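Please read the structure below before turning to the comments.
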Amino acid sequence: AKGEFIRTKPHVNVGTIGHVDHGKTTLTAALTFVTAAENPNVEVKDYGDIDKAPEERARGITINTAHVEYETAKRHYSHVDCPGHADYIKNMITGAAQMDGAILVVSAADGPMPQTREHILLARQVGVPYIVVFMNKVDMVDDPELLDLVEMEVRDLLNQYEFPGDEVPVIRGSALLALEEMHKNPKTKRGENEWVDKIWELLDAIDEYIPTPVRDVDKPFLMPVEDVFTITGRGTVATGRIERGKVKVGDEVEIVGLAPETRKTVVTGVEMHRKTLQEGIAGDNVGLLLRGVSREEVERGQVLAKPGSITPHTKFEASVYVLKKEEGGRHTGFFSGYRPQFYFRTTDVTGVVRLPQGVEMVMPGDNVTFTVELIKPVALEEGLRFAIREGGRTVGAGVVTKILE
Ligand SMILES: Nc1nc2c(ncn2[C@@H]2O[C@H](COP(=O)(O)OP(=O)(O)NP(=O)(O)O)[C@@H](O)[C@H]2O)c(=O)[nH]1
Ligand SMILES: [Mg+2]
């Protein structure tokens, strides 16, 4: 259960990306406190409410994406907070697959590090169109000469990957000190404190720089599944962001990828954050109670679709850019028969690279068209971006060009 969800404002999905320990979770937490001084309808989430898992506590990092909710005077936001650690890139990718825009967090003390670059590249391949930058940990850097160096480094870095690097907002602040003040005074408002106010600059930048997306409520329901868990009284919940269409309680949906046959079943509840909806609309980040299906039967990577709207595919043609050694790519070329991982939206699957009659070997830097045959069926579509990863690095970026099987 919970209270019922009211549609006051337009809804935008944002989230935090950036290298490990630079301050994504501290900012996410500072965002819920800051806005809750202006709106009573924001539940505040503290640092330890976000990295709450026993593993996260054990490693002292974020491992799981967390979703939190805040809103400004202008819109409603779901916010996804991803991991920075390299071990956990596939979690950053499924969290970025749900973003309409990202907040890249870079630490002023350190500047751009290897997962600042990798996160920019992956967020693009997974459909993130806009990026706002939060330069964090400015309380640690007195030399304002450094601040301008990092700011420019980050702009060059974004320009490299086809973002508007020169126009992007770059807000400078300290998330930890804005968070401490909101603790000392929970009602702190705009104007009172310099640090809280840079969190307000960031929120102003989100509101105005990241536009409310054109969503298709008139095309058939497609929802990429991000997570499944069981609510112990209710049943099995598949969570994700609704790419397009609508769900109502009572609708049937097929569970489409990663298995032999698809499955139909009935939607039995829709929830956004704590609250109930009777209907879920393109753009919503929802929980979807599924009837008569255990959490061992729906999984991350499948999509829920209006029945008969989509057919999973196995074999496609693609145009691929293979990263150079200097972007974190692999060092030596690869051959026909190469078996990396492929990432489309929230799904990841093994594929075999099949080079054309007359291409012996692909090298770092090569743009190239090969065929890939995946070891499981997956909802694909032409022009769908994807990423290739193997051995713990991103080795490629590509677009699906023609579905063959
Ligand atoms: N000096 C200082 N420390 C900060 C600031 N913001 C965050 N930190 C500190 O930096 C450490 C990491 O913050 P954290 O939010 O957990 O980083 P992360 O980017 O979320 N983590 P991961 O990549 O594992 O997700 C914490 O000890 C936090 O207190 C800041 O403005 N100044
Ligand atoms: Mg974190």
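Think of each number as a place in line: the chain as shown, counted from 1.
Determined via X-ray crystallography, 2.5 Å.
Placement of Cβ uses the backbone N, Cα and C atoms for every residue, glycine included.
Segment annotation: Swiss-Prot labels region 'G4' over residues 136-139 (candidates 76-79, 136-139, 292-295). In this structure, the binding-site residues that sit close to ligand 1, with a C-beta under 6 angstroms from any of its atoms, are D21, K24, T25, chosen from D21, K24, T25, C82, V138. Checking the binding-site residues (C82, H85, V138) against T25 (Mg(2+) binding site) with a 10 Å Cα-Cα cut-off leaves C82.
Sparsest Cβ environment among the binding-site residues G18, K24, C82, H85 (other Cβ atoms counted within 10 Å): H85. Cβ-based neighbour count (10 Å, all protein chains) for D21 (GTP binding site) stands at 17. For ligand 2, there are no nearby binding-site residues; that is, of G18, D21, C82, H85, none has a C-beta under 6 Å from one of its atoms.
Listed in sequence order, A108, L147, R172, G173, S174 are the same-chain residues six or more apart from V138 (GTP binding site) with CB atoms under 8 A from its CB. For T25 (Mg(2+) binding site), the count of additional Cβ atoms within 10 Å of its Cβ stands at 25 [all protein chains shown].
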